[PDB]
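Scroll down for the structure; my scribbles are underneath it.
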Amino acid sequence: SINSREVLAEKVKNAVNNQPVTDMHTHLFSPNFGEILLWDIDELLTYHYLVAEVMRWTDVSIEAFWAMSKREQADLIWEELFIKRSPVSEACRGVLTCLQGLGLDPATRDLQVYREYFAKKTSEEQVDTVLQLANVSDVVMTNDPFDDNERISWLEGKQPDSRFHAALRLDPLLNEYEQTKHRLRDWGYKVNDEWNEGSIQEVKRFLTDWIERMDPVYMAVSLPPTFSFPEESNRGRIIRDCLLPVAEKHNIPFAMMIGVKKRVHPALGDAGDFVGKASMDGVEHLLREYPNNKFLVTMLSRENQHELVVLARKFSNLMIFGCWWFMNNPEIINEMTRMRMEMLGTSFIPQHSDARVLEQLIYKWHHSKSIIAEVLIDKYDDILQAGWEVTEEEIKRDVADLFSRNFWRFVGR
Amino acid sequence: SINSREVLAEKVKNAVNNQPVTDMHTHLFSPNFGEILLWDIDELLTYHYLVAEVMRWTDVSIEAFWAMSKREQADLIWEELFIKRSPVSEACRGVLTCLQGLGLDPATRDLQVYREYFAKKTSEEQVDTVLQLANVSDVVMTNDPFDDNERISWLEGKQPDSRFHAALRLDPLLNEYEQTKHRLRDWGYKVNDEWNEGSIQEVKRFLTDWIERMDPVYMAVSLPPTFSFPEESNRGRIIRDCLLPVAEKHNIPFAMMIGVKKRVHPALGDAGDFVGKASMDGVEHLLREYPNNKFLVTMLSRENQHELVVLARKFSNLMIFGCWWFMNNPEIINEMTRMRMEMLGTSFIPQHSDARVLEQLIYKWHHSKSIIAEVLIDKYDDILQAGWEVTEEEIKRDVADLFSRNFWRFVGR
Amino acid sequence: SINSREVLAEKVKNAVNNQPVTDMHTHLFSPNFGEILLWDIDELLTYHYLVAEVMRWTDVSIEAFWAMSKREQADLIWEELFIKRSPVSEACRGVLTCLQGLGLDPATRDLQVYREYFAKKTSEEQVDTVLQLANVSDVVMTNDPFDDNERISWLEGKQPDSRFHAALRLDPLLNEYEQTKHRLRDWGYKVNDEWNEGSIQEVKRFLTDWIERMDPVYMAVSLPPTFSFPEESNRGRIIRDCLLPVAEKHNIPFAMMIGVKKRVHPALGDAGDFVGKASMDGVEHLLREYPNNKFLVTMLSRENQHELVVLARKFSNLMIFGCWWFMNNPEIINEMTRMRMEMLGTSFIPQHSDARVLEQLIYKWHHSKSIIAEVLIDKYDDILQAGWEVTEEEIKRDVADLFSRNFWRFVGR
Ligand SMILES: O=C[C@H](O)[C@@H](O)[C@H](O)[C@H](O)C(=O)O
Ligand SMILES: O=C[C@H](O)[C@@H](O)[C@H](O)[C@H](O)C(=O)O
Ligand SMILES: O=C[C@H](O)[C@@H](O)[C@H](O)[C@H](O)C(=O)O
Ligand SMILES: [Cl-]
Ligand SMILES: [Zn+2]
Ligand SMILES: [Zn+2]
Ligand SMILES: [Zn+2]
C-alpha cells in the first residue's frame, strides 16, 4: 500500500517520467525527409513564439529582423530576451530546459559553445538523442500535400521511420477551396465550377489518394473562431459530402483545432496569428449527427475550455486533446488538466508538444509532465483519503492511457 | 486519515495545544495560601532570571537594586532589558508571551497600561484566567516545611484547592542536617547527638507526619554536583535509613534535582546559583539497590543529559522529567527532548514550568509545547513514511502521556 | 516598527553585513611591523589547520613536509585536500571564501593565477583591500614581549596604525616562570629565588613597563584544562599578587583562553595542540573574589560552553567571547551562539577571527556573520510573534553591541 502522499508523489513522478510518450501533434518530420525537419539552438531561438516576444522589446524593425540571417536573428533574440531581461516567459524557459537536457550549461550563457554541440552531429543522431531524452516513442507529424517541398518527399516514395506517423492536414482544401480547387485540377482532379456529383467524387478521390499514400492516423484542420456547421460554404459542403463519408469508411478520426484568427498582423508571419472564442454549436452538431465518425478536438480560447470538457461528457465519439498554443502555459495547462480529469477521469489526452523544432520535445514534455504529475498526485491522494487503495501498477496503467494508449485506442491503431 | 507530514503537523499541533497540562514542579501556591502566590507584571519582571540578566547591563549596584521597591526594580529591568536592548533572551521573551496571552499588546510597550490590567483583578480571578489560558489542569507545588511562613500555613490548616498538589521539599533536612537537627528537636522530634535508633525513628516520624499533613505526590530535594550514594554522611544515612523506607511504605516517589551549586554569588540571592556536572554513580546505585522505590530525576548540567537518558533505559523505576533551569532554553529543550524520545519513546515527562510567578505558566508551556510539537511531528512522520498508520486518537493518547498521564501513573494516583 | 518576518530578516542581515567589525583576538600585526604579518594564498593554504588535515591524507612524512618550501607545501595541500577530495572541511571552505571575496574565481581551480594576484600588491595594499572586504575596522593583535623578533620592534619604536590594537600576551611568564624569570633578570627585573616582596614588585614593574609601551586593551594568557585558582604555584602567585592588582589599577581586563593541551604531537608544530575540559572552579573564584577586575573568557572544550554561559549569568565582571579554535566550526558556533543569546540576551561577544593570515578575515567573518544573523533573525522573530516590534535602529544598535560596542565598553576605551 501507499500510506503517504510523499511516497505517492514519488511513485507518480517516476511513472509519469518513465512512461514513453506518443506525441499526437507536432510539426516535426522523420529524419529521412530532409531539411524540412528543423533542429538546433538557432532554430530554437527563432521559434515564432520568441519572434513575437522579441518584437515587444527590440527596436529593430520586423522588416530588418527578417532581413538578417538565422544566426543573426538568434543573436538578437538571445540578447533581448535572455540577457537584457530575465528569460522568465514559458517559451524562453523552454529553450533553457532544452539546453540543460542536452547536457549543456545555461549558467555560462556561452551561445557559441552551445552552437558547437549541434554542428558536430547529424539529423539522424540528434533525433535519436532527443527522442531518448524526452522519452518520446511516437511522433505524429503534420503532413500537408499542398506544400510543394513536403509533397515532393511523398511523391518520391519516401516513408517515415516507425517512430513517425502521418496526419493529413487539409487547411488549404477546406479553408481556401476557391483558390485551391485550381491546384487539384492541375493534379488531375476534375473538380467543377459548381458543386455537383463530379466535384464531390474528385475531392473524395483526392482525400482517398493521400490516405493511401500517407496512411495517416487522422485528417486535420485548424478553424477560425467563427467556425460553423452545417454551413453553405465550400468548407461546410466539403466536410459534409467528402471528408466525413471518407473518414467513416476508413475509420479515421477528424482532428479539428478551433479558435485561430490567422494573420491579424501579417508582417509577423507565423507569429501573427490571434485567437477568439468559438461557438460549440458546430462541434455539437457534428458529434450528434455523425455518431459513426470520430473527432479529435482542441480549442484555442481559454473561454472555450470548460464547455469543451462538458461536451466530451456528452459524446463518446469526441476525444479532446492537449493545451494548444496560447493554452500551452503553466497556469492554463494546470486549470485545463484539472477540469478535464475532474469531469472525465482519465478518458482524455492531456497534452501534445506541437514542436516545430526537434529539441522542443525535451522542454514541452518536461514542463508538461511535471504539471500533469502534480494533478495526478492530488487526484490519487483524494481517493486514497476516501479509503481507496491505489496500486503502483494501476498508476502506471493510468499514466500509459494519458500519455499514449488513449490516442492509439481512439484512432484504432 | 493522516497520510502526510503536512496533515500530521496539523493534528499534532492541535492535540498538543488542546492537551490539559499537569505541571509537576512549580513554585506556585494554591491562591488560598495568600500572598505567597506571586503574580502580575511587576513580579514577572523581577523573576530572578531577569535579576541576573539586568545586572550584566545596569550600572545600578546589586545592593541598591534590593533596596528599591518592587515597581522600581521592575521599571529598571524593563528599561535595561527591553528598551535599551531588544528583549531577545528566553526569560525576556517569556514576559512578552505572557502579556500577549492576557490580551495585552507588547507592540505598545505601555507598561503603565499593562499594570492597570492586574490592579483591577483578584488572585482567585487571575488564577482562573491563567490556568485557562495556559490550559493547565494541575499544578504541583514545592512545599518547604522548614520555611517558617510556609510551615505555619500547613500547621494552621491551610489546604490547596483541587487544582494544586503538594510536594514535600526536604533540602534543609538532607543537605544541612547539622543545623536542621536542632530545629527538629525544637518541634518535638527527639533526634540525638549520634545517629542511633532514636534519631532514625524520629526523622522517620517527621517525614510521616508531614506526608499525612500534605498528602504529597512525592518528596523532593535539590542536590549538588558532588552528590554521591551510598555515602557515610548525614545525607547518605538519612536517605538510606529514613527517606527510602518511608517512601516505599507510602509508595511515594523520591524526586532528585541534581547539579545545583548553591550561592556562588551570595549577593544575588535566588539568582546566585551555579551548575556542575554530576557523577551518575549515586543515581545508578539508588535505582539498582532499591527496585521497590520510585525515582523522579532531572539534572542541571547539559553534559549529564545524554547519560541520564541511557540510565532510564536501564531502570524502569527511574522516570526522568523536565528541562530544568539552565536547561530550560530552546536550543537545549530541543536536543534533550529529541535524545529522550529517540531512546525512550514516550516513556518520560518532557517538561515542567518551575513557575515562580503565576503568569509564567503561559509562556513556559507555550514556548515548550511548540518545540515538543515539532519533535513529535518529526518522530511521527518518520514512522508514517515507514508505512505505519498513525491515528489522531493514538496521537492524543501519546500526547496525554507526555503532558499528564505519565506523571500520575508514576506517582500512583 | 517591523511587523513582517520577511522585512525583519532583510533588516537584520543588512545590519549584520554593514556593521564594521572589531576583531578582538587575532594573530595579525599592523603592516608596518614587517614580514611578521602573514598574507596570500600560500599562507592561507599552509595555515596549521590545513597542516593537520593534509597529514591525515598524504603519504608524505611530516618531516618531508617541513623540509619542502612554502610553495611546495601549498601545492601538496591544494592537491591533497582540494583536488583528491572535495574541500568540504571548514578550513578548506575558508580558503575558497577568501579567494572568491578577493574577486578570484575558485571555479577554474587555477592556483597559479590566484598566486599572481598577490604578487602584484604590497602588504599595506592588501590590508587595505582585506579590511574593506571583511568590513573590519579594528584588529586586536597578540603581542608577545618574550618573542625576540616582536620585542625588538616594540623597543625600536614601532607602533601599529590606528586600526591595529595591542594585547599583552603573557604565556611564558605565567606558565613557564621558572625558565622565564632568568630572562626577566637579563632585562633588569631582579626577581628573587623565592616569591617575596622583591619578586612581586619586579614582576609588577615588568607588566607596567609593557603596559605603558604597548598600551594594550587587555592582558592575555592561554591556559591548560588543569588550570586552577587559587593555586600555590608560580602562576597562582603571579596572577594573585601581580597581574590582578596591576590590571585593576590600569582598569585593564584579564583575558583567559582556557582548555588547550600544548604539544601533544610536537612534530606537527603549531598544529600539534590538543584540548581538554576544564573545571570552572578557578574562573568562579576569580570572578567572585576580584569584583573590581574585568575578565574576558573563551574556552576550548565543547563541554565547557554551557556552564561558562551560566557563569556569565552570575558575574557581570565576566565577558565571554568567541568560538575559539576547535569551537570555530558551524555546528558549534551555532549551538554556542544560541545558548548564549538565550541566557544572556546581547550581553556577550559572539566571535573573534583568530586570523593568523591576513585574508582569513574575509572567511572568518563571512562564515560567522551568516550564522549570527540566522540566530538573531530567529530570536527577533520569536518576540515578533509575541507581539513585540523592533525598529531598524534598535537592530543596528544590538548588532553594533555584539560586533564592536560590547568589547570597547568592557575594556573601557
Ligand atoms: O503552437 C503553435 C503552432 O506552431 C502554430 O503555428 C500552428 O499553426 C498550429 O498549431 C496549427 O497546427 O495550426
Ligand atoms: O528554575 C529555577 C528555580 O526557580 C530555582 O530557583 C529553584 O531553586 C530550583 O528549581 C529548585 O526547585 O531547587
Ligand atoms: O585558533 C587557533 C590559533 O591559531 C592557535 O594556534 C593559538 O595558539 C591560540 O588561538 C592562542 O592564541 O592561544
Ligand atoms: Cl466568455
Ligand atoms: Zn500545430
Ligand atoms: Zn524549582
Ligand atoms: Zn589565538
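Note on C:336-342: average number of Cβ atoms from other chains within 10 Å of each residue's Cβ is 5.
At a Förster distance of 22 Å, what's the computed FRET efficiency of A:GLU284 paired with A:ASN251, Cβ-Cβ distance as r, to 0.05? Using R0 = 22 Å, I get an efficiency of 0.50. Inter-copy label distances at A:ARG185, using a point 7 Å along Cα-to-Cβ, come to 13.2, 14.0 nm with the shortest given first. Checked against a 23 Å cut-off, the cross-linked pairs B:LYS158/B:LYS249; B:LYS261/C:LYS379; C:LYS11/C:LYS379; C:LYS204/C:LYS249; B:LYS261/C:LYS277; B:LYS84/C:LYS396 give Cα-Cα distances beyond that limit for B:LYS158/B:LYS249; B:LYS261/C:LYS379. Mean partner shielding of peptide C:301-314, defined as the number of other chain Cβ atoms within 10 Å of each residue Cβ, is 6. The H on the amide N of C:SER222, modeled in the peptide plane, is under 5 Å from the matching H of C:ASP171, C:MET257, each at least 5 residues off or on a different chain. Would you mind classifying segment A:132-193 by shape? Square roots of the alpha carbon gyration tensor eigenvalues, ordered a ≥ b ≥ c; an a/c under 1.5 is rounded, otherwise it is prolate if a/b is larger than b/c and oblate if not. In terms of gyration-tensor shape, prolate.
Going from the fewest other Cβ atoms within 10 Å to the most, the residues B:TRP66, C:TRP78 appear in the order B:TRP66, C:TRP78. For B:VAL275, enumerate residues with amide H under 5 Å from its amide H, sequence gap 5+ or separate chain, H modeled in the peptide plane. Sorted by chain and number, the residues that satisfy this are B:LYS261.
Chain A residue nearest the axis that carries A onto C, by Cβ, with distance in whole Å, is A:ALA107, 5. Taken along the Cα-to-beta-carbon direction at a fixed 7 Å, the label points for C:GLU197 and B:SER228 span 4.4 nm. Computed over chain C, the per-residue total of -39500 (n - 2.57) for DSSP H runs of n ≥ 4 gives a 222 nm mean residue ellipticity of -14000 deg cm²/dmol, rounded to 500. Taking a straight line from the alpha carbon of C:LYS120, these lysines sit under 20 Å away, with near neighbours fewer than eight places off in the same chain left out: C:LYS70. For the peptides B:24-34, A:233-243, the ranking by packing is B:24-34, A:233-243, with the highest mean count of neighbouring Cβ atoms within 10 Å listed first.
Roughly speaking, what is the centre-to-centre gap between segment C:318-367 and segment C:287-315 when only Cα atoms are used, to the nearest Å? One Cα centre to the other: 15 Å.
Counting Cβ atoms of other protein chains within 10 Å of each Cβ in C:368-380 and taking the mean gives 1. Ranked by the mean number of other Cβ atoms within 10 Å of their residues, highest first, the peptides A:41-49, B:311-319 fall in the order A:41-49, B:311-319. Shown is the FRET efficiency for C:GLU10 and A:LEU96, computed with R0 = 35 Å from the Cβ-Cβ distance and rounded to the nearest 0.05: 0.75. Sorted from nearest, the other copies put their A:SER316 label points 6.6, 8.9 nm away, the label point being 7 Å from Cα in the direction of Cβ.
Each peptide among B:386-396, B:357-367 gets the average number of other Cβ atoms lying within 10 Å of its residues, and from highest to lowest they stand as B:357-367, B:386-396.
Would you please classify the overall shape of segment C:144-327 from the alpha carbon gyration tensor, given that a ≥ b ≥ c denote the square roots of the eigenvalues, rounded means a/c under 1.5, and beyond that prolate means a/b larger than b/c while oblate covers the rest? The partial results should precede the final answer.
Working: a/c = 1.40, a/b = 1.29, b/c = 1.09.
Rounded, since a/c falls under 1.5.
Per-residue Karplus couplings for segment A:90-103, computed as 6.51 cos²θ - 1.76 cosθ + 1.60 with θ equal to phi - 60°, are listed in order as 4, 5, 5, 3, x, 4, 5, 4, 4, 4, 4, x, 7, x Hz, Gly and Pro entered as x.
Rounded to whole numbers, the Karplus 3J(HN,Hα) couplings from phi for segment B:68-79 are 5, 6, 4, 5, 5, 5, 5, 4, 5, 4, 4, 4 Hz, using 6.51 cos²θ - 1.76 cosθ + 1.60 with θ = phi - 60°, and x at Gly and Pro. Between rounded, prolate and oblate, where does segment B:38-119 land on the alpha carbon gyration tensor, with a ≥ b ≥ c its root eigenvalues, rounded for a/c under 1.5, else prolate if a/b exceeds b/c? Prolate, because a/c is 1.5 or more and a/b exceeds b/c. Computing FRET efficiency as 1/(1 + (r/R0)^6) for A:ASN17 and B:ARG115, where r is the C-beta to C-beta distance and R0 is 45 Å, gives about 0.10. Here the Karplus curve 6.51 cos²θ - 1.76 cosθ + 1.60, taken at θ = phi - 60°, turns the phi angles of segment B:397-413 into couplings of 4, 4, 4, 5, 4, 4, 8, 7, 4, 3, 4, 4, 5, 5, 5, x, 9 Hz, with x standing for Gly and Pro. Once the label point is placed 7 Å from Cα along Cβ, list for C:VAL264 the distances to the corresponding points in the other copies, in nm, shortest first. Nearest first, the other copies' label points are 2.4, 7.8 nm away.
Coordinate-derived values only; no laboratory data. For neighbour counting, all protein chains shown are included, and Cβ atoms are generated from backbone atoms with ideal geometry for every residue, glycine included.
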